[PDB]
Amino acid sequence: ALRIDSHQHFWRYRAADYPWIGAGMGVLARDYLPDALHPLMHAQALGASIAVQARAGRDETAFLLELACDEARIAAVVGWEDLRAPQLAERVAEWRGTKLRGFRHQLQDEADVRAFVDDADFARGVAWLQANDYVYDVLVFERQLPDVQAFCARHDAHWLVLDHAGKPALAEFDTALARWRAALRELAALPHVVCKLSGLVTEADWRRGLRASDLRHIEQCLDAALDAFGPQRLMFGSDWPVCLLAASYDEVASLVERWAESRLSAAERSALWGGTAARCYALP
C-alpha cells in the first residue's frame, strides 16, 4: 500500500491572504512549499502527500495543481471552488491533469454552518461533486458536528472526509470527550464518511504548550475514532505546517505510529498509513 500524508497545506505567505494566521503564530507566517515538506516525509518514509486548500479562492486550486504537476510526491489536491455557483461544472472542467480529487470549504468559519450546508445552491454543488466522484472534506469545530449531520446523511453518493477527527475540544478534557464522541458516532454510522487522524495536537492548549496529559487525551480520541469508524476508515494526516504551532512533523507522526502499533494489525496499519487515503481519494 501507498504511504500517504493525507492532509497538508502549502502557501506563499501574505498576511492579508491568510486571515486565520493571527497572533502567536509566527511559525506559520512564512512560505511553506514542497521543498520544505519533502525531507520530513522522507524521515517518516511517506511517499506522497495530499495538498489541501488553505484559503478560499480558485487561485488556490491553480496554485496547488501547479505545485503537484510533475511532482510524484504530491499524490492529489483537495481544491477550492465556489460550490454554490451555477457555473461549477464548467469551472471544474477547466482544471487540467488528474490530481484534483476533491474539494473543501472552510465551513467552520461560517456564522451559521447549518444554514450554510443546507442551502439549496450549496447542496446542488456538493451533489454534482459526488455524481462526478469528487471527495468532499468536512472541516468543522466539535460543536458544529450536529450542524453537518443532516448534510452528511444527505450527500451519500461519494466519500465525505471528516477533517481532524471533528476537532475534539482537547483543551477542555480537564463532558467534552463525551459530547464529541456522541457526535462522532452519529457521523461514523454513515458508511460514506471516513475519518482523518490529523490536526489533534493543535486542539490541545498549544499556546501554553503540550503536556503528557494532552498525549493521553489524544490517544483517547484515537481510540474513540477507531471504535466508531473501524480500522478501514482511518487515514493519517500531518496537518503540516499548521501542526508546527504545537509539535514537529516527527512528533505528530510518531504519536499516531505508537498508538497504531498498539491497537492495529499490520494490515490495518497499512490502511491507516495510506491504503485508506488511496482508495477514498482514488489515488493511482
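We number the residues from 1 along the sequence you see.
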**Item:** Count class of deposited residues lacking coordinates, residue 90 to residue 91
**Value:** none
**Request:** Taking the mean of the C-alpha B-factors per stretch from the entry, tell me the winner out of 94 to 102 and 156 to 164.
**Result:** 94 to 102
**Prompt:** Looking at the deposited entry, does 190 to 198 or 126 to 134 carry the larger mean Cα B-factor?
**Reply:** 126 to 134
**Prompt:** Per the coordinate record, which of the options 140, 178, 78, 72 holds the highest CA temperature factor?
**Reply:** 178
**Item:** B-factor third for the C-alpha atom of residue 229 within its chain
**Value:** middle
**Message:** What third of the chain does residue 239 rank in for C-alpha temperature factor, lowest, middle or highest?
**Reply:** lowest
**Asked** Going by what the PDB entry lists, where does residue 28 fall on CA B-factor within its chain: lowest, middle or highest third?
**Response** lowest
**Item:** B-factor third for the C-alpha atom of residue 15 within its chain
**Value:** middle
**Within-chain third of residue 220 by Cα B-factor, per the entry** = highest
